Amino acid sequence: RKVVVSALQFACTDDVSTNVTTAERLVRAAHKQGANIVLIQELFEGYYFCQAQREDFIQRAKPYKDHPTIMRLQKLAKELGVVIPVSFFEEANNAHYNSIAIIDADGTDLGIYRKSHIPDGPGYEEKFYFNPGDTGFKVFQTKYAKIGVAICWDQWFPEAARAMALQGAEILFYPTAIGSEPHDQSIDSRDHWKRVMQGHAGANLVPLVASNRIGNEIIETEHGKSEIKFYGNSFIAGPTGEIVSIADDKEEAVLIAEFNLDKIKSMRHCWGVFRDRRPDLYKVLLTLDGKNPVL
Amino acid sequence: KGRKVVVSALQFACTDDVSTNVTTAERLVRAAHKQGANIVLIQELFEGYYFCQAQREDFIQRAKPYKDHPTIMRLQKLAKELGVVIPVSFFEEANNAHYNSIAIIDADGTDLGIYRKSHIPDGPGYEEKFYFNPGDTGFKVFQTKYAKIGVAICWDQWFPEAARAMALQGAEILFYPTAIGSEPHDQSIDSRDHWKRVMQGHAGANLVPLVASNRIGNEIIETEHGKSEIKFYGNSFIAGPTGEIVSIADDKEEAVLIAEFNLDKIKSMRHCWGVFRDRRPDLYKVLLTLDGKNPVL
Amino acid sequence: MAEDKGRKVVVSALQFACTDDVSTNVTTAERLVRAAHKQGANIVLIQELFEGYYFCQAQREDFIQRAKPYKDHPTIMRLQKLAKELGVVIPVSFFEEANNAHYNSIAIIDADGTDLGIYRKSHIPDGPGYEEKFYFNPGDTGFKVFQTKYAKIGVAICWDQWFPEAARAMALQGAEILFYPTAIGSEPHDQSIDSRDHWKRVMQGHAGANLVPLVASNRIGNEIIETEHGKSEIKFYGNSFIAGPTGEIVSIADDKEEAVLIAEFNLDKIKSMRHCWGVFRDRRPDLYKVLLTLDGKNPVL
Amino acid sequence: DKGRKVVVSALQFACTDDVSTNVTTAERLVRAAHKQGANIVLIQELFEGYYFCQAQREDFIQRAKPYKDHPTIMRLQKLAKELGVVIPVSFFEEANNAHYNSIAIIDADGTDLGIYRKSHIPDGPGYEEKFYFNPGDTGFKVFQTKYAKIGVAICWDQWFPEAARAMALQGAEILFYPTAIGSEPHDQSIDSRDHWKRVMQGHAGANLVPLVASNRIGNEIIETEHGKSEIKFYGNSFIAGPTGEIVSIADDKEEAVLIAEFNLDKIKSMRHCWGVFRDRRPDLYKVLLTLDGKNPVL
Amino acid sequence: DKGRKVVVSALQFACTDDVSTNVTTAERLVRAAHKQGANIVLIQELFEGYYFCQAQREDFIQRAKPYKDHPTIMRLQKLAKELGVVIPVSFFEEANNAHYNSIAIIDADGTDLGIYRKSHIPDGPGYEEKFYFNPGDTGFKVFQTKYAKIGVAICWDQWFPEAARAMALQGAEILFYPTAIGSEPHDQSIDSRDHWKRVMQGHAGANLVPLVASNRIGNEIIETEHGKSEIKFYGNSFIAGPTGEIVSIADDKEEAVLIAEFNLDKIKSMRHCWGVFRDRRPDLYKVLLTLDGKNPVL
Amino acid sequence: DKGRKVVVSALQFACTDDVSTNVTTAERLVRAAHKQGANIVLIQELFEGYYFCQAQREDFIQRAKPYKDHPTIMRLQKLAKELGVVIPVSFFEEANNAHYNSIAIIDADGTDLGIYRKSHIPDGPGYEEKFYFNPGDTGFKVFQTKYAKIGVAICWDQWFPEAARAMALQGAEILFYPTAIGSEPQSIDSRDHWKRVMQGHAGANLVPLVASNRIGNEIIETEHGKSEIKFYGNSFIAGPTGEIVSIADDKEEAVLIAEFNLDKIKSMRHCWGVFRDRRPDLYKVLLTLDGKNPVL
Ligand SMILES: *C(O)(O)NCCCCN
Ligand SMILES: *C(O)(O)NCCCCN
Ligand SMILES: *C(O)(O)NCCCCN
Ligand SMILES: *C(O)(O)NCCCCN
Ligand SMILES: *C(O)(O)NCCCCN
């Protein structure tokens, strides 16, 4: 059993219809190169608006139900027979989430995951927009594979990757929007970013796909212009954490890698780390401060 | 710029003759409509006297089924004629169950369904617990032609949980038909300021406007222990999304209160303030207890 | 002076002996229904499986084939004519065949002759003399109420009368009077068993707890059935009765006479009393999930 | 006649409005029961004072006390232990801002086995309990005592076949109901005593378990917010057997100590053979989780 | 060839009227099966005593015992753990006032994995089980053991294609049915043994899963409420492969230990290839939720 | 010996790839069954030609014909009326965009009582039938004939206990299964597996069961060249305990005959008690494919 996976990497305008056209073009290119599952970067419908903390930007969110972009990519998924996770800004009554809908290769909406770990600070004021997610970590049975899909900042947390692996994830996927930080040009996070994820692939023995944005974006914030340069470096890592495919920090790209899932599942079983785990000794992971279990 | 809705609170006196009272309600709904109202709110159990001063066998038989209710049917025609949303408070019989209920009539005349009062008051003057099963619909929101609304009934208005329950389900405006006044056993009790402050609190905590329609007049009821009298204190009002009173009636005048709200701007304001973003349902399990320790079954 | 307002309904319990010939027993039933109507009855209740002997003392292959379809049943059709002629409601107990299922059933015939539908016995008894579990699928209609020309009524069958759940289910759905056609007597394996006082008390409790009148019609006479292991005899103990909404017996027959019991109820006064007593206002269904278990712990599927 | 035997007792007495006097009365009659061989002794509802629920008064709510270190429960634990008798203790419970009509079950070694909180709360003239008590949130309970597994509910609960069935399904071998019922002050023509008995006899017969009801006697005048209100409590404390037969009964004015012995092994065998529990149809009982016969409650 | 192999066994013996004797007989035959390589061993229905259901007797109901701390289950857990063998244990369960014909599945490490309660209850002369057992309320279950996911149901359940299909759908790799079937005391012309085998062979073949049936032998006479009643149990315990072929079978009168090995990975692959499960039409099977071919049950 | 008696027959023959010839063969064998007293006679599946269904050829699709005015059905109606026999007629149905593997039930007076459309269609490696047939949408049916209430299902339907139970719950007194099964002239021989599953249905439902299978070798040229199947016959009739009462071999024409007392069998079915004892409250999992999620 072999599945072909793709990371896409492109620049966005602040127009939904242009960006969706761009995603469609790169999804067809992926499909043309053999892709069964194609990963589109985080909040690709527009500019990464979380540089600002603005009332009007919250109203960019849309219900999960009858979402125009999801609906449009469901047609594309269906035509091509590819699996397409769709990053979007969800409104759910008065709650708001950074969410992702998993469309199967028959175009079926398989359900959503809501971003669990919400980043904060200059350039990435996501805590202002999003309730911390309440779906918990999830795995989706698609026509090709059980996949673990989480979102951007979730990729820094070994807990997220481990939870998806424990629930049957054969591949992990992280749509991303990370770049420079507007308050401090000396912060270059790209190597650190890659290393943490490489760690998750190696610790769980599962391949991993990260799709990140490129281009410079200037946002009109409540305190004036703020600029981020997104550094791309979209990549696909194998089950021991080796980078098999990688983009640069400036050019549009379509990454492709094939994995033998039944072989990798045998290596995983045979390595035996899941049977060697000591959940009896991991209670402290349910604390924040190293002592008090959360309610 | 944005969806506007004009809401109205009515305030009037009742006899114990249904036809008279429905006629009074119609006159005032028409008057609200003439002043631009899209949703009009009539006070609790308006079809007669506030009979719950007594605990009487014969008064339980004032209840009628929800199905083919002559007062709901009559007000459905008016709703349709005028293009206004009309919540209709009534005493519901449902086989051997009885409830203090409200049917939400949409602006096309459609009966959108019912809510059954959840929190039932008790004590001299207000012996509701004798008459009504505690409601079993739970808190509801209704999609009307003009807005998603949350409607609850009188005593429900004291409970922050009801208001929050409706808001979490997308209610854009909260409505509470009311019957509250003096208390026949103790003339020193004057609850009007307390009553208003608690509702203002709900409007401000959920960032939604709130409408409260209360009775006026003195009513004398024969009870098992002789006459009992309540002076209903009016003070019907409409509050905006920070809990500010935008319109209020006094304690004796018949009144038609009118207010317009921009539901898109308020939505935007509600979200921006951030309370719904910041709620901690993981820490709210104690709210599912009565005694602060034991969760109910 | 005017008498007190409200819908009055006159109900009747019949009590008679059966042969094992269908034509004879239907003739007996018609005779007693007519006598009940002559005494003012609006609703008349015939005992369980009146078409024949209480054959359930045996577990026999050939007795299963006494069952007949509900559709075009000759006894139901005949009693429909009588109901229409007299203007009386008549529930008709019969052994139902429904493809390969079999039930102990009752068809409710309205005062205009209309077949309102059926109830299938839910609780099926077992044991020497009363081997009903061999014959009947447990019923699958659930507890029902029927709107007749005179009243909304709840009808269940024999062993159902021991279950408070059945009486409450019918009352919660607006039953104004409860009816139980019965066949109960001695038990052939042990002559010390005399259940008649126990039997009455349980049903009196239903009437009192739901504040609705209750009618029980039971068989009389001795019947001997040829069983797979020899002859078996039951003496049916009569004691048909009508109870009011506090569980008081307003009329009762003895253990051997043929009887036509008659009582009038003001259903509007009773409804008022039922509601004022307050039990239905005070019920706690949030605490009753355990009733959906058999063993006090595990909810059934 | 082999089998585990248990002797139960219903007590019936008049109350003053002084706790000390009523607790002394209860102790006297518990000792009289024990002298007659009783293993489990049932004291009537809210026996610490007058039946105060004729009134709806602010100050009466403050008669409530916490379950923890309750002076009357602690005193009766001493007696339970001294005599080797099981004693359910009815009390008015405060639990932060909630209030309940409650009963603590004291085992024959003095151990406090836990509480049941009254589920069905009556209302109306003379019996304004809904003003005082949150509807109970323990659900129906059974308690394993030294002598038997028992089901204890409280007064108005005794009208509900659901409560009796719920306790029996959980293995209750005997049902107990402390009571306060009498005349009704707004209508002198109401005499509920025969109705009250018939409904409980029904529960005993339907579940094939014995049942004990202890009820108050005497006239009580309460100063209500609208003037004097009077109830004459009608006694009629009784013990019913597993077919609903009254085996012992008190009249409507006498102080009484009723006594009956039950063979719990034989009764268990009878209950099972009669077959009602074998034949129940919980798949058809979902309408019991409605109030109106149609909508399941949340 | 390659893949997870499992050795299963059907045991067949005659019962005495003494519980401990009968458990010792079971232990002896379990040990003999283990010696021949068995991983999962099936003991016949209600093996602790005579098949008492010929009678409808009050005292026989009290032969039931709770699942909790059941002395026969506890004893067989020790054997399971000692030998590393999976052992389903048939017993007569008391659960407050409910009673069931039940089976506890003991894993090869001695762990009590839970119980299944007999769903379909037979009736008629000689087999009056409806008098004793509530219809089961666990539903059909599959248990994950150290060696396989197994589906265990009980005697009469074996006539119902629905039970076997329910277990296969939930992952059962082997079906097991402890049995007590023989002659019928009211009609000596009834010989059901060929019919009995054919129906089970049909389940194995329709689901492509092996099937194990363990039945009693011996003549048993029971004192019924109407005199002596005799059943001659007919043995014919057997093991069927995934196309329904009988691979091992006992006769109608001797003790037997039957043994068969199955390659569960090859059978699984063969079942997936055959594709019947992906070809099923559940959208057309709603009539199966009726008894009468028309009205769905509640 | 009292009660309604019905004589049923299973026919078995080799198909040529010529329609007239095959219908002539069917008529000859129906007449022979009638001569031996048969009241209801079962002809094997798709008997008008070679079993084309696993060859995936677009030109074979035009063999389908509408249910309305079907020349083979209309001809067998005449035969049914002439002889006073019930004849289920297997045919390849064209229904607008859809195509089905279907069977029309002809009563003893020649009346067309209706159609059943094969429900279970094998898809995945080895079985490419979807190329020709849509999954049936009639659901499982019973038909009241002059002699009996009967249930009929087709070929692959044979493997599914649900179809047999569904028919019996609705009052079918006899089950009929026209089939076509064989193998590559391979090691696996499915004939015993097949019989055991069917004997299971008869025994579990306490109804007799009639199965008609073809014989002979058939060669079809396909996209992937010549495919050959040897059909293994073994048509049979089973009684209500699953006992085989007559059976054909794997190479000759056969006319199998058996008489059933439908009143006695009904009484036996009811007394055995399985239908009294069924637990539909516990069967919801059967409305899933994966053992957890109900289908729409
Ligand atoms: C996505 O937007 O969560 N990446 C967050 C990066 C935060 C860097 N300080
Ligand atoms: C409406 O009737 O619920 N108002 C109740 C007020 C109670 C005052 N103590
Ligand atoms: C009717 O037939 O159900 N009465 C059942 C009585 C059973 C007595 N043990
Ligand atoms: C106890 O106190 O609940 N008694 C209730 C009686 C109410 C009479 N209508
Ligand atoms: C086990 O006891 O279920 N076998 C029942 C057989 C009944 C025979 N008619």
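Residue numbering restarts at 1 for every chain, and letters A, B, ... go by the order of the sequence lines. Just so it is clear, the values below take in all heavy atoms, side chains as well, and ignore hydrogens, waters and symmetry mates.
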Atom [atom1] of [X]: over 12 foreign heavy atoms under 6.0 Å:
X: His192(A); atom1: NE2; result: no
X: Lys78(A); atom1: NZ; result: no
X: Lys130(F); atom1: NZ; result: yes
X: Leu281(A); atom1: CG; result: yes

Subject >> Evaluation steps, side chain to side chain contact (heavy atoms under 4.5 Å, CB included), between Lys141(E) and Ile105(E) >> reply: CA-CA 11 Å; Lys141(E) 291 176 77 175; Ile105(E) 308 322; over 6 Å; no
Tell me the closest heavy-atom pair linking [X] and [Y], and the distance in Å.
X: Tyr144(A); Y: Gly81(A); result: OH-O, 3.0 Å
X: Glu227(A); Y: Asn216(A); result: OE2-ND2, 2.7 Å
X: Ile264(A); Y: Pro207(A); result: CD1-CG, 3.9 Å
X: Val209(A); Y: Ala7(A); result: CG1-CB, 3.7 Å
X: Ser189(A); Y: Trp156(A); result: O-CH2, 4.5 Å
X: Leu289(F); Y: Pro282(E); result: CD2-CD, 3.4 Å

pair [X]-[Y]: side-chain heavy atoms closer than 4.5 Å:
X: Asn19(A); Y: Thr13(A); value: yes
X: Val206(A); Y: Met164(A); value: no
X: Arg280(E); Y: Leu169(E); value: yes
X: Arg190(A); Y: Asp188(A); value: yes
X: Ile228(A); Y: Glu217(A); value: no
X: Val27(A); Y: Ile84(A); value: yes
X: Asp249(A); Y: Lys229(A); value: yes
X: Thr21(A); Y: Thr18(A); value: no

**OP:** Could you please spell out the steps behind the salt bridge (charged side-chain N to carboxylate O under 4.0 Å, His left out) verdict for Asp56(A) and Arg54(A)?
**Re:** CA-CA 6 Å; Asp56(A) 59 341; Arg54(A) 285 172 55 169; 2.7 Å; yes
**OP:** List the steps and the verdict of side chain to side chain contact (heavy atoms under 4.5 Å, CB included) for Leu208(E) and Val276(E).
**Re:** CA-CA 9 Å; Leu208(E) 228 85; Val276(E) 297; 6.0 Å; no
Got a second to check how far [X]'s [atom1] is from [Y]'s [atom2], nearest 0.5 Å?
X: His96(A); Y: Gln59(A); atom1: NE2; atom2: CD; result: 5.5 Å
X: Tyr97(A); Y: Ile151(A); atom1: OH; atom2: CD1; result: 12.5 Å
X: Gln41(A); Y: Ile178(A); atom1: CD; atom2: CD1; result: 13.5 Å
X: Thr145(E); Y: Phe143(E); atom1: OG1; atom2: CZ; result: 10.5 Å
X: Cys152(A); Y: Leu43(A); atom1: SG; atom2: CG; result: 8.5 Å
X: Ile100(A); Y: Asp154(A); atom1: CD1; atom2: CG; result: 10.0 Å

Original post:
So which pairs with a foot in residues 236-291 of chain A pass ring pair (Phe, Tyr, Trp, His ring centres under 6.0 Å), sequence neighbours left out?
Top reply: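 Ring pair (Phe, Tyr, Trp, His ring centres under 6.0 Å) check on residues 236-291 of chain A returns no pairs.
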Backbone of [Y] reached by a side-chain donor or acceptor of [X] within 3.5 Å:
X: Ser234(A); Y: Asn212(A); result: yes
X: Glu126(A); Y: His117(A); result: no
X: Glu42(A); Y: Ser87(A); result: no
X: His200(A); Y: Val196(A); result: yes
X: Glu24(A); Y: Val20(A); result: no
X: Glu252(A); Y: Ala11(A); result: no
X: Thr176(A); Y: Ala210(A); result: no
X: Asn263(E); Y: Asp265(E); result: yes
X: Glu125(A); Y: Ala52(A); result: no
X: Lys5(E); Y: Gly3(E); result: yes

**OP:** Please determine which of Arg1(A), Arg268(A), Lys2(A) meets the salt bridge (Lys or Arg N to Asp or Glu O under 4.0 Å) test together with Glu170(A).
**Re:**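 Exactly one pass, corresponding to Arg1(A).
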Throw together a table of side-chain donor-acceptor distances under 3.5 angstrom for residues 30-38 of chain A, partners on residues two or more places apart or in other chains.
unit_1: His31(A); atom_1: NE2; unit_2: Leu80(A); atom_2: O; d: 3.1
unit_1: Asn36(A); atom_1: OD1; unit_2: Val4(A); atom_2: N; d: 2.7

**OP:** Take the angle between the ring planes of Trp193(A) and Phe235(A) and call it parallel below 30°, perpendicular above 60°, tilted in between.
**Re:**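 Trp193(A) and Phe235(A): perpendicular rings.
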**OP:** Could you label the plane-to-plane angle of the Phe49(A) and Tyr129(A) rings as parallel, tilted or perpendicular, counting under 30° as parallel and over 60° as perpendicular?
**Re:**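 Rings of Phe49(A) and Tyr129(A): perpendicular, as their planes differ by over 60°.
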**OP:** Report the C-alpha separation of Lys250(A) and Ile214(A) in whole Å, then their side-chain angles, then the decisive distance to 0.1 Å, and conclude whether the side chain to side chain contact (heavy atoms under 4.5 Å, CB included) test is met.
**Re:** CA-CA 6 Å; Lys250(A) 186 52 189 284; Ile214(A) 53 168; over 6 Å; no
Subject >> With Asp191(A) via side-chain hydrogen bond (donor to acceptor under 3.5 Å, both in side chains) - residues at least two apart >> reply: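 Counting only residues at least two positions away or on another chain, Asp191(A) forms no side-chain hydrogen bond (donor to acceptor under 3.5 Å, both in side chains).
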Subject >> Aromatic contact, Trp153(A) with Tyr124(A) (centres under 6.0 Å) >> reply: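 Judged by ring-centre distance (under 6.0 Å), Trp153(A) and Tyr124(A) do not meet the cut-off.
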Listed once per pair and sorted, the salt bridge (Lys or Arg N to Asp or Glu O under 4.0 Å) pairs that draw on [range], sequence neighbours left out:
range: residues 3-17 of chain A; result: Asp14(A)-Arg60(A)
range: residues 85-110 of chain A; result: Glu90(A)-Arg114(A), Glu91(A)-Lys267(B), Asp106(A)-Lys143(A)
range: residues 279-295 of chain A; result: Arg278(A)-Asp280(A)

Original post:
Is the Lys NZ or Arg CZ of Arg277(B) less than 6.0 Å from the centre of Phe128(A)'s six-membered ring, within 45° of the axis?
Top reply: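 Judged by the rule, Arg277(B) and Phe128(A) form a cation-pi pair.
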Original post:
Is there a side chain to side chain contact (heavy atoms under 4.5 Å, CB included) between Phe10(A) and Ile40(A) once you walk through the steps?
Top reply: CA-CA 9 Å; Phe10(A) 60 90; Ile40(A) 300 163; 4.0 Å; yes
